[PDB]
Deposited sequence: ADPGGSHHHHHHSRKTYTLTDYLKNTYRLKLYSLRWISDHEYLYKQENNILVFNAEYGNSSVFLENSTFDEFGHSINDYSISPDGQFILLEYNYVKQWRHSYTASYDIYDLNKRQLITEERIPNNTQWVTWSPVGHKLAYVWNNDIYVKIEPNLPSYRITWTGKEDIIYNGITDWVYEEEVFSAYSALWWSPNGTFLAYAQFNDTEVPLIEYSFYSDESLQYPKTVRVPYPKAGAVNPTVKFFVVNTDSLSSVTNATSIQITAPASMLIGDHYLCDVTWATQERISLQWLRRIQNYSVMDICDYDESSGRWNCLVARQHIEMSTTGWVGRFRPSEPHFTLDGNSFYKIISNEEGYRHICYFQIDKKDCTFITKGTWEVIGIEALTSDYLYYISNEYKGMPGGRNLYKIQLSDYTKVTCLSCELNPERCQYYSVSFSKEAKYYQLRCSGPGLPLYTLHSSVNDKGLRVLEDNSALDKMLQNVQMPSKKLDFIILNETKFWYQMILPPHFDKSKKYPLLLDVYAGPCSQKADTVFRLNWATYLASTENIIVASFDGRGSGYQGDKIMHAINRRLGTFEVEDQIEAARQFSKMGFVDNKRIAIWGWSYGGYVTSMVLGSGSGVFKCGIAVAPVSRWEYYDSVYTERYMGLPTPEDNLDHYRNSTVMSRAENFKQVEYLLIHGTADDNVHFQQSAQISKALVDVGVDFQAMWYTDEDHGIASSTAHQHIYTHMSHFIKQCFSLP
């Protein structure tokens, strides 16, 4: 034989039999990067001297979670006693090790339970947050300077975000920003005094006799939001005689008039910082540009340099207003905005000018600006072949916008259609990561001649292992609806036969700016279901999905739980009318927003779906957080949008669940989508006499990511789908 008889099993997925190798590096200069044990690989010639041996901290006495080398390379920060908080936040102990002296600093140690630590961009200055206050060390072995004195647990946050800013605004815990040379330290201060608390039980180890009540300031749609203030402190004029003096930069008048957010901080030069503010009604944002005044020691934002971004069709930006990329003199910047036709492109702005000029055009979008030099701007887009699920690196000549070159398109067009990039400190070198459709590929390049210097990781060991496995394939394509293309992907079982009828699982996100149809290679639950169980797993980007323009993306504005829900149902009708789908066995499942859509679909009375699984779903928008929800829904008030808030709950559709088989799953310590939401679904299903299947995960959060819990839920979901589809 020698024919492939093996499949990709559930155990393979759960035990990581088939492992994807990565190549993670960190640029130390414009020609040097670190890699792990710790080598400073010289990018240029390939010669790599060793930086730090793996044996150096064996006598440490603690397990080291992470490390951080100072920009000057004189010190290393050692992160241990890591305790996870939310998606980005955590607490840890830190020790500092002098690299030139070969020993641990024992004097003036960074305290236990530190919330965040950061080196300056140059030298070895240190900023850290402890007990909600900011501290600064000029030298690692010296006493730290206390910058703030107002830090209060759950009320006042200095240099760190609160729950909502962490999850929905900055996608980070830190709210500290060093100036390019480390002279100034800018920070946000959040105030949660009147923000209501979400409360839930945490059960802990079985030795805890009485459960704990976790309490977190968490604004639900329409509730009192946190307020924010912004400050800048000169670290070079710190004295141990007097308290440090932080200079406030106030929000523009058009923002102070109501509730607003700080949605972006970007340093332009040593003495110029740009701020973006956003109204609570997220259709209007203002960029301030503020210069430092030397005679005063203060900061001033000229109303002439003030820039406005707004939308008449929806909210501003994909999830927030995009960040500027300033020129060296800080007199201009490049920024992604939506053009006249609704497509996101790079606009070039003069600092003193209202009007910008677009440097890219077309019926495609710029994903992000990655680097800019004197001569070139580097950006990722989905232009190539008009595939919105594809990603490539481009280079545009600043003096001639007609001179655009694709740097990644043709490198290896068959295995590589989804690229990300990592540039050196001044874009002289870059690493490219290809994520699919073939096996991930990591390569190094010099930008001068754009030539490939070397293959970093080609995943040949995994290619060897797969050679014998009956792996699934992927079909990426579109369907025309109301004269508009809508993309879908299908994970197709091996030896796929168009004449046969397969059961179908619709895998759904479908939230605003979602994309579930792409060229990325994945080893996941869907791989197992196709490979081993012979199930087609499909996904569909309908109205509301991103990277295709505002016409598609803004279609669900103020109307969550409508078109995106309706387009998933229609997708299933399209797939079955392709001819290879058994439409007695069509299922749907999703996590989070996908959980919400799955539930709305199962409660729609369409009659298309036999069964479905919702994991940690939203059940009604008033339960979810203000920043995300109000972005798309506005306020749940009679004068705003209360009617639709009330018309788009899962609960009100409970009666219709008599037609389907339903599995409802939620972790009890979910701080993001509160257990409350599934608790209300179940209570509504019980109230109408609908039988369903449920599963709670004790102390699990939104990711249900514990090793044991992760394995349990996928095993449980697998049983459910196999029985729904009558698979032995």
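Legend entry - Missing segments of the deposited chain sequence, listed N- to C-terminal: Missing from the model are residues 1 to 9, 46 to 48.
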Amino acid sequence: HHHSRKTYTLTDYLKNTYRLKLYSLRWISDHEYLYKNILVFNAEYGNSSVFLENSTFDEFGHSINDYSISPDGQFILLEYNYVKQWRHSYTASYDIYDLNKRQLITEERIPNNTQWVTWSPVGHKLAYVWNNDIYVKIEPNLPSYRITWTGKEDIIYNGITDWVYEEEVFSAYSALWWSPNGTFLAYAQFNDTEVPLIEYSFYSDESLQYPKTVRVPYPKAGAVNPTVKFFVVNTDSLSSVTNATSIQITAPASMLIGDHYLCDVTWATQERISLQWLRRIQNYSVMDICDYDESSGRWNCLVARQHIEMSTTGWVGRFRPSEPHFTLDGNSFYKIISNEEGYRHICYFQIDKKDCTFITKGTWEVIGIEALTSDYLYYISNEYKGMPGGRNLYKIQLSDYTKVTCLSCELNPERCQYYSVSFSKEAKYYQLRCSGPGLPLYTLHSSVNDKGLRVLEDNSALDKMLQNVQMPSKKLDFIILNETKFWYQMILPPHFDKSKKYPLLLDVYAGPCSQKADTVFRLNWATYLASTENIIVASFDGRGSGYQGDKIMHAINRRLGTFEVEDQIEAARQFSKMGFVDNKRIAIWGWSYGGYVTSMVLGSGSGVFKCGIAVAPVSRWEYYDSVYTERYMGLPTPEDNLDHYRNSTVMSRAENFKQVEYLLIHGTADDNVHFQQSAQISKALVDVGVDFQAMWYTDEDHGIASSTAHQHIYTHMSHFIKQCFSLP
From here on, numbers count along this sequence of modelled residues.
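Here the rigid core means the biggest group of C-alpha atoms that line up within 1.5 Å when the two forms are laid on top of each other.
Inset, instruction - Compare 467 to 475 with 277 to 285 and report which one shows the larger root mean square C-alpha deviation from this form in 6 other deposited structures of this protein once the rigid core is superposed. - result: Stretch with the higher C-alpha RMS distance in 6 other deposited structures of this protein: 467 to 475.
Inset, instruction - On a core superposition, give the stretch, 360 to 368 or 290 to 298, with the larger average C-alpha separation from this form in 6 other deposited structures of this protein (RMS over structures and residues). - result: More C-alpha displacement in 6 other deposited structures of this protein shows up in 290 to 298.
Inset, instruction - Averaging the C-alpha B factors as listed in the entry, name the stretch that ends up higher: 101 to 109 or 488 to 496. - result: Mean C-alpha B-factor is greater for 101 to 109.
Inset, instruction - Can you let me know which of the two, 378 to 386 or 476 to 484, has the higher average C-alpha B-factor in the entry? - result: According to the PDB entry, the answer is 476 to 484.
Inset, instruction - Among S447, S514, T360, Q209, single out the one with the highest C-alpha B factor in the record, please. - result: Within the set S447, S514, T360, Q209, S447 shows the top C-alpha B-factor.
Legend entry - Residue selected from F609, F75, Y596, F326 by maximal Cα B factor: It is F75.
Inset, instruction - Please rank the C-alpha B-factors of the chain's modelled residues and tell me whether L14 sits in the lowest, middle or highest third. - result: Middle third by C-alpha B-factor.
Inset, instruction - Sorting the chain's modelled residues by C-alpha B-factor, tell me whether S706 ends up in the lowest, middle or highest third. - result: Middle third - that is where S706 ends up once the chain's C-alpha B-factors are sorted.
Inset, instruction - Consider only the C-alpha atoms of the modelled residues in this chain, order them by B-factor as the entry records it, and name the third containing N54: lowest, middle or highest. - result: Highest third.
Inset, instruction - Consider only the C-alpha atoms of the modelled residues in this chain, order them by B-factor as the entry records it, and name the third containing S237: lowest, middle or highest. - result: CA B-factor rank for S237: highest third.
Legend entry - Ranked C-alpha temperature factor of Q677 among modelled chain residues, by third: Lowest third, going by the recorded CA B-factors of the chain.
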